[PDB]
Amino acid sequence: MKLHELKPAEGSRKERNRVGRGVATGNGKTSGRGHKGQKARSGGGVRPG
Amino acid sequence: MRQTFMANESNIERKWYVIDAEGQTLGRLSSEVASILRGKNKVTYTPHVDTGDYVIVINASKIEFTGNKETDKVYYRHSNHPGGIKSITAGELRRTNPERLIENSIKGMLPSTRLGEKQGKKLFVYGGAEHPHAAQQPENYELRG
Amino acid sequence: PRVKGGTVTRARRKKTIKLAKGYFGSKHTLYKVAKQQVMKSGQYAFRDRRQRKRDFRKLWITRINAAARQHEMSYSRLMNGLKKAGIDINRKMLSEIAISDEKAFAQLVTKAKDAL
Amino acid sequence: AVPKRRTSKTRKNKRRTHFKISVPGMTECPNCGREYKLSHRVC
Amino acid sequence: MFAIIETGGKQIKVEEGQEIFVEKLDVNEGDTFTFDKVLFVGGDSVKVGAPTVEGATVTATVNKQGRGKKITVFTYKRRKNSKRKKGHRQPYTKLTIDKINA
Amino acid sequence: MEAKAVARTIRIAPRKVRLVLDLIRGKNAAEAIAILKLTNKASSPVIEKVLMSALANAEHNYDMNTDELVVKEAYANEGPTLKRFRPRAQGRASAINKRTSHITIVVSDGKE
RNA sequence: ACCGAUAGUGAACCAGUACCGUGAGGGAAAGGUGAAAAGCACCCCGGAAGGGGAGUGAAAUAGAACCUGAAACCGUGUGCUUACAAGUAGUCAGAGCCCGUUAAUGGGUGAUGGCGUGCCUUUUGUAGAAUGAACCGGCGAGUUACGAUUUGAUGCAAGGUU
RNA sequence: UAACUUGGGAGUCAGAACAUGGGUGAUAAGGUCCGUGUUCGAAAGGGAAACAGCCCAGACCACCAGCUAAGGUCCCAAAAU
RNA sequence: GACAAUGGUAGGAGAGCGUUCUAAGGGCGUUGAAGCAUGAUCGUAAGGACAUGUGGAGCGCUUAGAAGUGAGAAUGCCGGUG
Ligand SMILES: [Mg+2]
Ligand SMILES: [Mg+2]
Ligand SMILES: [Mg+2]
Ligand SMILES: [Mg+2]
Ligand SMILES: [Mg+2]
Ligand SMILES: [Mg+2]
Ligand SMILES: [Mg+2]
Ligand SMILES: [Mg+2]
Ligand SMILES: [Mg+2]
Ligand SMILES: [Mg+2]
Ligand SMILES: [Mg+2]
Ligand SMILES: [Mg+2]
Ligand SMILES: [Mg+2]
Ligand SMILES: [Mg+2]
Ligand SMILES: [Mg+2]
Ligand SMILES: [Mg+2]
Ligand SMILES: [Mg+2]
Ligand SMILES: [Mn+2]
Ligand SMILES: [Mn+2]
Ligand SMILES: [Mn+2]
Ligand SMILES: [Mn+2]
Ligand SMILES: [Mn+2]
Ligand SMILES: [Mn+2]
Ligand SMILES: [Mn+2]
Ligand SMILES: [Mn+2]
Ligand SMILES: [Mn+2]
Ligand SMILES: [Mn+2]
Ligand SMILES: [Mn+2]
Ligand SMILES: [Mn+2]
Ligand SMILES: [Mn+2]
Ligand SMILES: [Mn+2]
Ligand SMILES: [Mn+2]
Ligand SMILES: [Mn+2]
Ligand SMILES: [Mn+2]
Ligand SMILES: [Mn+2]
Ligand SMILES: [Mn+2]
Ligand SMILES: [Mn+2]
Ligand SMILES: [Mn+2]
Ligand SMILES: [Mn+2]
Ligand SMILES: [Mn+2]
Ligand SMILES: [Mn+2]
Ligand SMILES: [Mn+2]
Ligand SMILES: [Mn+2]
Ligand SMILES: [Mn+2]
Ligand SMILES: [Mn+2]
Ligand SMILES: [Mn+2]
Ligand SMILES: [Mn+2]
Ligand SMILES: [Mn+2]
Ligand SMILES: [Mn+2]
Ligand SMILES: [Mn+2]
Ligand SMILES: [Mn+2]
Ligand SMILES: [Mn+2]
Ligand SMILES: [Mn+2]
Ligand SMILES: [Mn+2]
Ligand SMILES: [Mn+2]
Ligand SMILES: [Mn+2]
Ligand SMILES: [Mn+2]
Ligand SMILES: [Mn+2]
Ligand SMILES: [Mn+2]
Ligand SMILES: [Mn+2]
Ligand SMILES: [Mn+2]
Ligand SMILES: [Mn+2]
Ligand SMILES: [Mn+2]
Ligand SMILES: [Mn+2]
Ligand SMILES: [Mn+2]
Ligand SMILES: [Mn+2]
Ligand SMILES: [Mn+2]
Ligand SMILES: [Mn+2]
Ligand SMILES: [Mn+2]
Ligand SMILES: [Mn+2]
Ligand SMILES: [Mn+2]
Ligand SMILES: [Mn+2]
Ligand SMILES: [Mn+2]
Ligand SMILES: [Mn+2]
Ligand SMILES: [Mn+2]
Ligand SMILES: [Mn+2]
Ligand SMILES: [Mn+2]
Ligand SMILES: [Mn+2]
Ligand SMILES: [Mn+2]
Ligand SMILES: [Mn+2]
Ligand SMILES: [Mn+2]
Ligand SMILES: [Mn+2]
Ligand SMILES: [Mn+2]
Ligand SMILES: [Mn+2]
Ligand SMILES: [Mn+2]
């Protein structure tokens with residue numbers, strides 16, 4: 001490669017998904033609704049009731 | 001939006017016609033006259049302008065009914081004052097100012113719009129057999145239907 | 001590296017607001033109001049194209065009905081008569097003939113009364 | 001009681017159309033060369 | 001002396017000598033297209049076809065092969081979170097007629 | 001050609017000055033000084049001193065005769081407001097805007 | 001591969017200061033003329049303020065509250081338009097009048113017709129008389145570190161790795 | 001023309017009406033609780049004046065082209081005096 | 001070339017637009033940068049140019065890297081103005 005013409009190997013490295021950046025992203029509630037999509041987000045680690 | 005005709009004020013003409021209400025039922029004579037007034041009879045009809053010709057109604061007094069109209073057909077109206085409703089007339093509006101019984105009965109078939117309001121101004125109803133407007137030189141029109 | 005918000009936003013809004021050039025009062029200056037008004041404007045536009053098809057068709061129909069009532073004949077009968085005559089002209093055309101050439105239209109009509 | 005909606009620009013100015021003041025009724029002082037209100041002193 | 005050709009999805013009334021527009025014809029600009037589906041013809045003598053008056057082409061030069069004004073297609077659902085914008089420019093063909101029935 | 005003068009940051013708030021100018025605007029200059037001298041509002045003496053100045057520049061910097069001069073325009077524009085307050089009931093204090101007016105005026109000849 | 005005056009220290013300015021509290025304590029705002037001060041001699045209206053000429057300057061339509069100078073908001077001028085009309089304000093259809101472009105099946109306005117109860121949020125369901133927003137601007141919310149797992153990519157491979 | 005297996009990621013756990021088989025209620029409820037079907041939710045379009053849940057029918061985009069569905073065809077209002 | 005499929009909330013998947021910084025390459029700029037304003041401009045969208053006016057000194061483009069990367073709503077915070 002000539003350095004100003006770098007190319008990452010095909011199939012390596014996809015763009016990270018930024019949630020919460022507008023609606024047509026499909027992610028504007030971010031994810032979930034009204035439960036423990038709360039910021040504590042406590043699934044308790046590994047338990048039911 | 002390409003190719004269909006639309007009629008201008010530059011490109012339009014309204015004839016005058018006279019009509020003998022005598023022997024005619026209210027509703028039928030009415031709807032036909034409305035069709036005349038709205039211009040839906042010329043093929044140069046176009047909705048957004050008045051393509052309608054003028055109508056003069058004659059011998060209005062002699063208009064017909066059926067059933068128990070004259071008695072059972074109340075014409076209510078309300079004065080926008082409390083208890084101000086006034087039925088105070090039946091089909092016997094024909095007996096007293098039938099020019100209005102006919103005028104309102106036809107006007108009631110024209111649209112609420114200001115255009116269909118201005119087309120209602122092209123009507124001229126008279127209970128008597130002779131009319132003022134001979135100066136416009138109307139042609140007689142036989143009701144079809 | 002901190003990224004300032006400059007340009008981009010205000011430009012997006014000036015585009016939106018420019019779309020609202022026709023609008024009354026604040027609908028032509030405030031971004032939000034103009035934005036809502038423009039969205040609704042677009043929805044109206046879409047349905048209104050799909051509508052405008054209808055409106056024009058019904059107009060040609062009524063013109064024809066008029067033109068054939070002139071020849072002592074029902075629109076229903078006129079068109080059924082053409083269809084059984086094998087004539088396949090569109091209504092916009094028939095209204096236009098009825099306005100630009102009375103003779104040819106009458107000729108079509110007498111053609112239509114045949115095969116009945 | 002408080003307004004339920006804000007007054008429009010166009011509205012507010014339609015209301016203001018009767019808010020001018022009168023051009024004074026003004027006779028010219030003879031020979032003194034100034035000017036003054038009608039039926040007032042010539043100063 | 002007008003006449004009626006079935007040319008796009010639809011029918012067209014052309015006075016001969018007249019600029020007209022239609023859906024794209026995939027014909028080279030300046031070359032002369034000849035519409036074969038003629039339905040009717042006006043004037044002093046009036047041929048009126050079944051479908052298609054037999055024979056009788058209408059001829060025209062091709063003028064332009066442009067695309068029309070963009071119209072943005074925007075729509076949305078209220079409250080529920082969705083909207084959709086798409087641009088659109090329908091292609092056309094301007095042609096001017098010469099010698100109807102020729 | 002057609003001379004002007006301006007009074008920046010006049011203490012009177014613009015709505016008021018506009019009430020006077022609107023009488024003044026467009027009239028012949030002489031008439032205007034009269035009307036100005038006879039109206040009873042604060043803006044009247046202010047606008048007076050301004051129209052006088054404008055006539056001065058017009059005679060002096062442009063050699064035109066004063067008599068044929070006409071008030072081509074006059075107008076007041078928002079100028080920065082001094083911001084104060086008055087104390088009110090129960091310890092709240094509410095704002096007062098003492099706003100100001102820039103008063104321009106322009107006199108005239110013909111097109112040339 | 002940190003900030004660039006709402007950022008970065010609370011503090012780029014005589015900041016723990018104005019200001020508040022009895023006190024402990026709490027705690028702001030506020031940077032930019034120009035290359036050079038050359039900071040408008042002089043005349044003019046004015047009590048001054050301010051201003052028009054005359055001038056310095058590349059520029060003062062860079063003049064001190066001074067680079068650029070957006071939007072809200074206030075005004076002057078007007079081309080088209082409006083005083084029989086029931087308006088979520090637009091859209092589709094369309095005369096009339098006026099204009100002339102990033103030249104294209106042009107721009108402004110709009111008599112009249114058809115259609116049409118904003119947006120969020122929350123909801124079984126909101127034109128909703130359920131919630132939020134006076135307007136405009138700036139700022140304002142899935143990050144990083146370290147483990148775990150899985151996918152893709154690459155190097156080797158009964159070996160791989162520090 | 002699907003199914004199932006295994007692995008990464010989910011949201012959901014307030015439902016509503018109409019038909020229909022039933023329990024509770026009063027063969028009361030725009031009632032409540034279950035079975036079945038559809039539609040809404042998450043579905044615009046046409047019809048039912050208007051009218052999420054009814055009837056017709058599922059909108060990639062453009063047209064001033066035709067046929068039809070429910071429902072309609074004297075005037076408002078397209079089409080049968 | 002025919003032939004199909006393309007309503008959609010929670011949500012899954014995919015492909016992209018634009019912001020600032022960096023690397024390298026190739027450029028533009030006092031004969032006028034960015035920014036701001038005006039326009040009938042091009043693209044399927046985010047969005048990209050172009051001319052004129054303003055401004056008076058810094059900017060793009062190509063490829064790849066990395067992000068304090070995108071606002072209309074929080075009785076949001078500060079400023080201005082109704
Ligand atoms: Mg033509
Ligand atoms: Mg009483
Ligand atoms: Mg009488
Ligand atoms: Mg317009
Ligand atoms: Mg939009
Ligand atoms: Mg004072
Ligand atoms: Mg207090
Ligand atoms: Mg205390
Ligand atoms: Mg791994
Ligand atoms: Mg539960
Ligand atoms: Mg269910
Ligand atoms: Mg039951
Ligand atoms: Mg239940
Ligand atoms: Mg019937
Ligand atoms: Mg019969
Ligand atoms: Mg850019
Ligand atoms: Mg450039
Ligand atoms: Mn992505
Ligand atoms: Mn989604
Ligand atoms: Mn819930
Ligand atoms: Mn929520
Ligand atoms: Mn949940
Ligand atoms: Mn979460
Ligand atoms: Mn927390
Ligand atoms: Mn009583
Ligand atoms: Mn109607
Ligand atoms: Mn009404
Ligand atoms: Mn920076
Ligand atoms: Mn921002
Ligand atoms: Mn008949
Ligand atoms: Mn006023
Ligand atoms: Mn006190
Ligand atoms: Mn700054
Ligand atoms: Mn103290
Ligand atoms: Mn300096
Ligand atoms: Mn002096
Ligand atoms: Mn001085
Ligand atoms: Mn000089
Ligand atoms: Mn300032
Ligand atoms: Mn500088
Ligand atoms: Mn400045
Ligand atoms: Mn401005
Ligand atoms: Mn104006
Ligand atoms: Mn009027
Ligand atoms: Mn009246
Ligand atoms: Mn109503
Ligand atoms: Mn139009
Ligand atoms: Mn026009
Ligand atoms: Mn309506
Ligand atoms: Mn949102
Ligand atoms: Mn209300
Ligand atoms: Mn609540
Ligand atoms: Mn807010
Ligand atoms: Mn509120
Ligand atoms: Mn506030
Ligand atoms: Mn990382
Ligand atoms: Mn592998
Ligand atoms: Mn799974
Ligand atoms: Mn359960
Ligand atoms: Mn449940
Ligand atoms: Mn039951
Ligand atoms: Mn009983
Ligand atoms: Mn029940
Ligand atoms: Mn129930
Ligand atoms: Mn319930
Ligand atoms: Mn059920
Ligand atoms: Mn829901
Ligand atoms: Mn539906
Ligand atoms: Mn479904
Ligand atoms: Mn419906
Ligand atoms: Mn009903
Ligand atoms: Mn309906
Ligand atoms: Mn719905
Ligand atoms: Mn049919
Ligand atoms: Mn049927
Ligand atoms: Mn009809
Ligand atoms: Mn889809
Ligand atoms: Mn579909
Ligand atoms: Mn995803
Ligand atoms: Mn930059
Ligand atoms: Mn632009
Ligand atoms: Mn460049
Ligand atoms: Mn951010
Ligand atoms: Mn805001
Ligand atoms: Mn504030």
# chains A, B, ... in the order shown; residues from 1 in each chain; ligands from 1
>>> residues_near_ligand(ligand="ligand 32", cutoff="9 Å", atoms="only C-alpha atoms (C1' of nucleotides) and all ligand atoms", output="mmCIF file with C-alpha atoms, in the first residue's frame")
data_model
loop_
_atom_site.group_PDB
_atom_site.id
_atom_site.type_symbol
_atom_site.label_atom_id
_atom_site.label_comp_id
_atom_site.auth_asym_id
_atom_site.auth_seq_id
_atom_site.Cartn_x
_atom_site.Cartn_y
_atom_site.Cartn_z
ATOM 1 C CA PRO F 87 -39.652 45.563 43.352
ATOM 2 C CA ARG F 88 -43.065 44.046 43.856
ATOM 3 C CA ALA F 89 -45.339 42.335 46.346
ATOM 4 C CA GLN F 90 -44.039 39.336 48.334
ATOM 5 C CA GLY F 91 -40.434 40.000 47.355
ATOM 6 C CA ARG F 92 -40.630 39.362 43.651
#
>>> interface_residues(of="chain G", to="chain F", cutoff="8 Å", atoms="only C-alpha atoms (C1' of nucleotides)", output="PDB file with N, CA and C atoms (P, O5', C5', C4', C3', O3' and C1' of nucleotides), in the first residue's frame")
ATOM      1  P     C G  44     -19.261  76.965  11.758  1.00  0.00           P
ATOM      2  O5'   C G  44     -20.558  76.129  11.406  1.00  0.00           O
ATOM      3  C5'   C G  44     -21.168  76.295  10.145  1.00  0.00           C
ATOM      4  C4'   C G  44     -22.065  75.138   9.831  1.00  0.00           C
ATOM      5  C3'   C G  44     -23.119  74.822  10.872  1.00  0.00           C
ATOM      6  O3'   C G  44     -24.218  75.712  10.883  1.00  0.00           O
ATOM      7  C1'   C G  44     -22.065  72.828  10.231  1.00  0.00           C
ATOM      8  P     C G  45     -24.713  76.289  12.292  1.00  0.00           P
ATOM      9  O5'   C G  45     -25.754  75.199  12.761  1.00  0.00           O
ATOM     10  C5'   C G  45     -26.867  74.915  11.937  1.00  0.00           C
ATOM     11  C4'   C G  45     -27.821  73.933  12.569  1.00  0.00           C
ATOM     12  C3'   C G  45     -27.959  73.963  14.085  1.00  0.00           C
ATOM     13  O3'   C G  45     -28.848  74.954  14.583  1.00  0.00           O
ATOM     14  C1'   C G  45     -27.622  71.746  13.363  1.00  0.00           C
ATOM     15  P     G G  46     -28.601  75.590  16.044  1.00  0.00           P
ATOM     16  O5'   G G  46     -28.489  74.332  17.012  1.00  0.00           O
ATOM     17  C5'   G G  46     -29.652  73.603  17.356  1.00  0.00           C
ATOM     18  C4'   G G  46     -29.355  72.474  18.307  1.00  0.00           C
ATOM     19  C3'   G G  46     -28.656  72.872  19.590  1.00  0.00           C
ATOM     20  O3'   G G  46     -29.535  73.393  20.565  1.00  0.00           O
ATOM     21  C1'   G G  46     -27.572  71.001  18.670  1.00  0.00           C
ATOM     22  P     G G  50     -22.348  60.944  21.801  1.00  0.00           P
ATOM     23  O5'   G G  50     -23.253  60.993  20.485  1.00  0.00           O
ATOM     24  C5'   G G  50     -24.408  60.169  20.355  1.00  0.00           C
ATOM     25  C4'   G G  50     -25.334  60.654  19.267  1.00  0.00           C
ATOM     26  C3'   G G  50     -24.732  60.762  17.885  1.00  0.00           C
ATOM     27  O3'   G G  50     -24.684  59.523  17.216  1.00  0.00           O
ATOM     28  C1'   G G  50     -25.995  62.687  18.350  1.00  0.00           C
ATOM     29  P     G G  51     -23.648  59.299  16.004  1.00  0.00           P
ATOM     30  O5'   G G  51     -24.111  60.369  14.884  1.00  0.00           O
ATOM     31  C5'   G G  51     -25.306  60.208  14.109  1.00  0.00           C
ATOM     32  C4'   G G  51     -25.712  61.463  13.360  1.00  0.00           C
ATOM     33  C3'   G G  51     -24.873  61.820  12.148  1.00  0.00           C
ATOM     34  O3'   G G  51     -25.314  61.126  11.000  1.00  0.00           O
ATOM     35  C1'   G G  51     -25.265  63.758  13.478  1.00  0.00           C
ATOM     36  P     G G  52     -24.278  60.616   9.877  1.00  0.00           P
ATOM     37  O5'   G G  52     -24.129  61.847   8.872  1.00  0.00           O
ATOM     38  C5'   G G  52     -25.200  62.183   8.018  1.00  0.00           C
ATOM     39  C4'   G G  52     -24.974  63.495   7.341  1.00  0.00           C
ATOM     40  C3'   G G  52     -23.713  63.591   6.540  1.00  0.00           C
ATOM     41  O3'   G G  52     -23.806  62.875   5.336  1.00  0.00           O
ATOM     42  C1'   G G  52     -24.001  65.569   7.764  1.00  0.00           C
ATOM     43  P     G G  53     -22.468  62.430   4.577  1.00  0.00           P
ATOM     44  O5'   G G  53     -22.032  63.765   3.828  1.00  0.00           O
ATOM     45  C5'   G G  53     -20.670  64.035   3.569  1.00  0.00           C
ATOM     46  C4'   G G  53     -20.407  65.511   3.558  1.00  0.00           C
ATOM     47  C3'   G G  53     -18.962  65.913   3.376  1.00  0.00           C
ATOM     48  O3'   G G  53     -18.473  65.759   2.063  1.00  0.00           O
ATOM     49  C1'   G G  53     -19.824  67.115   5.162  1.00  0.00           C
ATOM     50  P     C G  74     -42.320  42.076  15.783  1.00  0.00           P
ATOM     51  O5'   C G  74     -41.452  43.409  15.784  1.00  0.00           O
ATOM     52  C5'   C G  74     -41.276  44.139  16.993  1.00  0.00           C
ATOM     53  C4'   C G  74     -40.725  45.511  16.751  1.00  0.00           C
ATOM     54  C3'   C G  74     -41.337  46.235  15.569  1.00  0.00           C
ATOM     55  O3'   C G  74     -42.538  46.885  15.916  1.00  0.00           O
ATOM     56  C1'   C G  74     -38.987  46.334  15.417  1.00  0.00           C
ATOM     57  P     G G  75     -43.554  47.318  14.767  1.00  0.00           P
ATOM     58  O5'   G G  75     -42.866  48.640  14.186  1.00  0.00           O
ATOM     59  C5'   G G  75     -42.816  48.901  12.786  1.00  0.00           C
ATOM     60  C4'   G G  75     -41.593  49.701  12.390  1.00  0.00           C
ATOM     61  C3'   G G  75     -41.563  50.227  10.956  1.00  0.00           C
ATOM     62  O3'   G G  75     -42.273  51.448  10.805  1.00  0.00           O
ATOM     63  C1'   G G  75     -39.486  49.204  11.474  1.00  0.00           C
ATOM     64  P     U G  76     -43.416  51.643   9.690  1.00  0.00           P
ATOM     65  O5'   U G  76     -42.651  52.147   8.394  1.00  0.00           O
ATOM     66  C5'   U G  76     -42.193  53.485   8.288  1.00  0.00           C
ATOM     67  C4'   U G  76     -41.251  53.647   7.123  1.00  0.00           C
ATOM     68  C3'   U G  76     -41.810  53.267   5.766  1.00  0.00           C
ATOM     69  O3'   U G  76     -42.572  54.304   5.170  1.00  0.00           O
ATOM     70  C1'   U G  76     -39.708  52.239   6.055  1.00  0.00           C
TER      71        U G  76
END
>>> select_by_dssp(residues="chain D", states="alpha helix (DSSP H)", output="list in words")
residues 9, 10, 11, 12, 13, 14 and 15 of chain D
>>> write_last_selection(atoms="C-alpha atoms", output="compact mmCIF listing (two decimals), in the first residue's frame")
# COMPACT_ATOMS: atom_id res chain seq x y z
CA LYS D 9 -48.32 39.85 14.80
CA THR D 10 -51.06 40.49 12.25
CA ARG D 11 -53.71 40.49 14.93
CA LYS D 12 -51.94 42.90 17.16
CA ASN D 13 -51.43 45.33 14.31
CA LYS D 14 -55.02 45.12 13.17
CA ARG D 15 -55.91 46.23 16.68
>>> residues_near_ligand(ligand="ligand 73", cutoff="8 Å", atoms="only C-alpha atoms (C1' of nucleotides) and all ligand atoms", output="PyMOL selection string")
chain H and resi 43-44+52
>>> write_last_selection(atoms="N, CA and C atoms (P, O5', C5', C4', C3', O3' and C1' of nucleotides)", output="PDB file, in the first residue's frame")
ATOM      1  P     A H  43     -49.005   1.923  11.113  1.00  0.00           P
ATOM      2  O5'   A H  43     -50.100   1.577  10.004  1.00  0.00           O
ATOM      3  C5'   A H  43     -51.485   1.467  10.353  1.00  0.00           C
ATOM      4  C4'   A H  43     -52.432   1.701   9.183  1.00  0.00           C
ATOM      5  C3'   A H  43     -53.905   1.572   9.510  1.00  0.00           C
ATOM      6  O3'   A H  43     -54.591   2.303   8.493  1.00  0.00           O
ATOM      7  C1'   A H  43     -53.346  -0.122   7.997  1.00  0.00           C
ATOM      8  P     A H  44     -55.721   3.396   8.828  1.00  0.00           P
ATOM      9  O5'   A H  44     -55.674   4.395   7.582  1.00  0.00           O
ATOM     10  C5'   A H  44     -54.820   5.532   7.602  1.00  0.00           C
ATOM     11  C4'   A H  44     -54.128   5.793   6.279  1.00  0.00           C
ATOM     12  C3'   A H  44     -55.016   5.946   5.061  1.00  0.00           C
ATOM     13  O3'   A H  44     -55.630   7.221   4.980  1.00  0.00           O
ATOM     14  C1'   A H  44     -53.197   4.547   4.522  1.00  0.00           C
ATOM     15  P     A H  52     -62.108   7.278  13.062  1.00  0.00           P
ATOM     16  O5'   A H  52     -61.315   6.197  13.908  1.00  0.00           O
ATOM     17  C5'   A H  52     -61.738   4.852  13.934  1.00  0.00           C
ATOM     18  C4'   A H  52     -60.560   3.933  14.022  1.00  0.00           C
ATOM     19  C3'   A H  52     -60.891   2.471  14.065  1.00  0.00           C
ATOM     20  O3'   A H  52     -61.051   2.009  12.755  1.00  0.00           O
ATOM     21  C1'   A H  52     -59.299   2.974  15.726  1.00  0.00           C
TER      22        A H  52
END
>>> atom_distance(atom1="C1' of residue 19 (chain H)", atom2="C1' of residue 49 (chain H)")
25.6 Å
>>> residues_around(residues="residue 93 (chain E)", least_positions_apart="5", cutoff="7 Å", atoms="only C-alpha atoms (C1' of nucleotides)", output="PyMOL selection string")
chain E and resi 21-25+64-66
>>> residues_around(residues="region 29-31 of chain D", least_positions_apart="3", cutoff="9 Å", atoms="only C-alpha atoms (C1' of nucleotides)", output="JSON, numbers by chain")
{"D": [34, 35, 36, 42, 43]}
>>> interface_residues(of="chain G", to="chain D", cutoff="12 Å", atoms="only C-alpha atoms (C1' of nucleotides)", output="number ranges by chain")
G: 73-74, 134-135
>>> write_last_selection(atoms="N, CA, C and O atoms (P, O5', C5', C4', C3', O3' and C1' of nucleotides)", output="PDB file, in the first residue's frame")
ATOM      1  P     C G  73     -40.630  36.458  15.111  1.00  0.00           P
ATOM      2  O5'   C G  73     -40.435  37.920  15.668  1.00  0.00           O
ATOM      3  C5'   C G  73     -40.673  38.112  17.041  1.00  0.00           C
ATOM      4  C4'   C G  73     -40.094  39.383  17.576  1.00  0.00           C
ATOM      5  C3'   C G  73     -40.383  40.666  16.805  1.00  0.00           C
ATOM      6  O3'   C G  73     -41.680  41.203  16.970  1.00  0.00           O
ATOM      7  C1'   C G  73     -38.116  40.590  17.349  1.00  0.00           C
ATOM      8  P     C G  74     -42.320  42.076  15.783  1.00  0.00           P
ATOM      9  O5'   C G  74     -41.452  43.409  15.784  1.00  0.00           O
ATOM     10  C5'   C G  74     -41.276  44.139  16.993  1.00  0.00           C
ATOM     11  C4'   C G  74     -40.725  45.511  16.751  1.00  0.00           C
ATOM     12  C3'   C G  74     -41.337  46.235  15.569  1.00  0.00           C
ATOM     13  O3'   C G  74     -42.538  46.885  15.916  1.00  0.00           O
ATOM     14  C1'   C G  74     -38.987  46.334  15.417  1.00  0.00           C
ATOM     15  P     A G 134     -42.859  27.653  27.221  1.00  0.00           P
ATOM     16  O5'   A G 134     -43.569  28.752  26.338  1.00  0.00           O
ATOM     17  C5'   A G 134     -44.395  28.364  25.270  1.00  0.00           C
ATOM     18  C4'   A G 134     -44.578  29.508  24.333  1.00  0.00           C
ATOM     19  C3'   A G 134     -43.468  29.724  23.327  1.00  0.00           C
ATOM     20  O3'   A G 134     -43.648  28.915  22.174  1.00  0.00           O
ATOM     21  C1'   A G 134     -43.987  31.761  24.400  1.00  0.00           C
ATOM     22  P     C G 135     -42.511  27.899  21.661  1.00  0.00           P
ATOM     23  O5'   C G 135     -41.663  28.850  20.736  1.00  0.00           O
ATOM     24  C5'   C G 135     -42.296  29.396  19.600  1.00  0.00           C
ATOM     25  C4'   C G 135     -41.630  30.658  19.160  1.00  0.00           C
ATOM     26  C3'   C G 135     -40.152  30.549  18.890  1.00  0.00           C
ATOM     27  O3'   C G 135     -39.892  29.948  17.649  1.00  0.00           O
ATOM     28  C1'   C G 135     -40.550  32.455  20.172  1.00  0.00           C
TER      29        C G 135
END
>>> residues_near_ligand(ligand="ligand 67", cutoff="12 Å", atoms="only C-alpha atoms (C1' of nucleotides) and all ligand atoms", output="VMD selection string")
(chain A and resid 33 to 34) or (chain E and resid 79 to 81) or (chain G and resid 122 to 125) or (chain H and resid 11 to 12 14 to 16 40 to 42) or (chain I and resid 9 to 10)
>>> atom_distance(atom1="CA of residue 20 (chain D)", atom2="CA of residue 85 (chain F)")
29.2 Å
>>> residues_near_ligand(ligand="ligand 84", cutoff="10 Å", atoms="only C-alpha atoms (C1' of nucleotides) and all ligand atoms", output="PDB file with C-alpha atoms (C1' of nucleotides), in the first residue's frame")
ATOM      1  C1'   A G 133     -43.027  23.529  24.408  1.00  0.00           C
ATOM      2  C1'   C G 135     -40.550  32.455  20.172  1.00  0.00           C
ATOM      3  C1'   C G 136     -35.133  32.130  18.290  1.00  0.00           C
ATOM      4  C1'   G G 137     -29.970  30.715  19.389  1.00  0.00           C
ATOM      5  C1'   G G 138     -26.260  28.100  21.906  1.00  0.00           C
ATOM      6  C1'   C G 139     -25.536  24.016  25.265  1.00  0.00           C
TER       7        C G 139
ATOM      8  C1'   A I  71     -31.733  18.363  18.876  1.00  0.00           C
ATOM      9  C1'   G I  72     -37.813  20.207  18.501  1.00  0.00           C
ATOM     10  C1'   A I  73     -40.032  18.727  22.824  1.00  0.00           C
ATOM     11  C1'   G I  76     -34.434  20.992  30.617  1.00  0.00           C
TER      12        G I  76
END
>>> select_by_dssp(residues="chain D", states="strand (DSSP E)", output="list in words")
residues 26, 27, 28, 35, 36 and 37 of chain D
>>> interface_residues(of="chain C", to="chain D", cutoff="12 Å", atoms="only C-alpha atoms", output="ChimeraX atom specification")
/C:24-27
>>> residues_around(residues="residue 11 (chain G)", least_positions_apart="5", cutoff="12 Å", atoms="only C-alpha atoms (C1' of nucleotides)", output="list in words")
residues 16, 17, 27, 28, 29 and 30 of chain G
